[PDB]
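The form deposited in one PDB entry is given below as one chain in structure tokens.
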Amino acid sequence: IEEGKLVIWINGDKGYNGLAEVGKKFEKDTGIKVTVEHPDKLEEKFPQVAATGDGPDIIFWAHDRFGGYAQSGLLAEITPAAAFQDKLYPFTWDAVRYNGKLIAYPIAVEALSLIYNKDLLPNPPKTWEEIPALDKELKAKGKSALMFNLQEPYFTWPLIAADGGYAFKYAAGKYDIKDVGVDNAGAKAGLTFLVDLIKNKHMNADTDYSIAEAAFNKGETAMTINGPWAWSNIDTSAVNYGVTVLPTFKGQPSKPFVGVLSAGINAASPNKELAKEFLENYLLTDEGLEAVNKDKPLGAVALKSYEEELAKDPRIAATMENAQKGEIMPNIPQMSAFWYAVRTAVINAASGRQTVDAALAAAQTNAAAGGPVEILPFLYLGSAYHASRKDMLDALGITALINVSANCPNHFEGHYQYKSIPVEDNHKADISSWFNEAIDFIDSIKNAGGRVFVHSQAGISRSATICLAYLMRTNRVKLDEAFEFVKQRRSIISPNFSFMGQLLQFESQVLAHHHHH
């Protein structure tokens, strides 16, 4: 960075020019230049440049990414006074707590709401259960009741969590990374209702974000589910719309995820005291947030005094009400496993590829413990434990297994095609003489439209070796490139030294004639 100046990164979908305007007032009062940038994919650029010791002094992002930044020591701890904290709602400070330390200033509160077309539906439904009957009426007039993104679990979570689902359990100031709540009775009930909506044709499993927004903004559907970032496009569409509390399910509030847009101070910044003065005395004021909100709406805000003004707008009152009934997104790194696990579960349940129970059972284990890893779209790697979990194999679309062991059972014959490679995990086993047969089996399943799960006992030596051999042969790459590729995706792989020898010998066999092209 650079001393005596402040550099701020904030996403391009935010009021960055209102923020820049607050910086100019700071510069006018102090002489301290403030520069606001909005790089593409800044949430990925930040961890790279900040580990160097560069990047912005201040980064704005939803609080959930900030736990990962704080794990890598990329964010400075802040210690605002109790008199300052009391200016903000207590739950927003909770969202920026990591390992007992505050690591950002809360700014705004973001939650999904029910957006409805007042001309098609002057009185929006209080419950999810009445939406099928509403869709019957509207279909009779060439419209539909409800379209929203079914591809991303962020958007289906409010229904799934309503009756008791949750991501990670919080207790005693800490998330329990092994207590996931995606396969409890409440989550099953919510996803079961979502599947009923789809299988009965009230919604289409292929509706994504763009499809739902276009249909609502063209007056084709009476309702959507979306956040404050979408209001501008609706404003342009001139649809006469309202924003309200989400429907209940079994009488329980829908429980959307809550994101707190937050301002973290780079641990490498030489301007930490300046950043704190800017954030506490300039941004987190009625006038500062008003300047940002004018540019692009923040939704609800963390500052009590300004939230009370903004809440006169019912769209913002509704955002805050849905947030009160929601669940703060856990800020722990294990959430990346959660998002992938639950994304797969919802897509599989919405397409009928898995039952609700099996989809959520697989996602539960994936999020709380681990699971088989994708190597290529048709090739997956894991353990004998995974080979006993039909729900976890089905979740990946597995149609065939290579059992690379002498002892491990085949649990599901007649559901999957099995291939046996009977070798031991030791220095005497000749695994390379099975390479061609394994590769031919993988390609055979691949070209029939299937997917292969390769496993051993631990999924770290015999099965990893077969996957490495497949990659080297199919892509004409060296051991070191394939190994790094697989290690990146299943970090515990560790082929025994004899297998590594046999793979290096295979490498010179695969590439012996490659230098001519």
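Rigid core here is just the name for the largest C-alpha set that superposes within 1.5 Å across the two forms. For every residue, the number given is its place in the sequence shown, counted from 1.
Absent from the display: the form deposited in another entry. The rest refers to it.
274 is the only residue from 356, 245, 274, 194 whose Cα shifts by 2 Å or more between this form and the one not shown, the rigid core being superposed. The Cα shift for residue 163 between this form and the one not shown, taken after rigid core superposition, is smaller than 2 angstroms. With the core held fixed, the Cα of residue 416 is displaced between this form and the one not shown by 2 Å or more. For residue 399, a C-alpha deviation of 2 angstroms or more is recorded between this form and the one not shown after rigid-core alignment. Relative to this conformation, an increase of 3 Å or more in the Cα-Cα distance between residue 161 and residue 374 is found in the other entry. In the other entry, the Cα atoms of residue 456 and residue 366 sit 3 Å or more nearer to each other than they do here.
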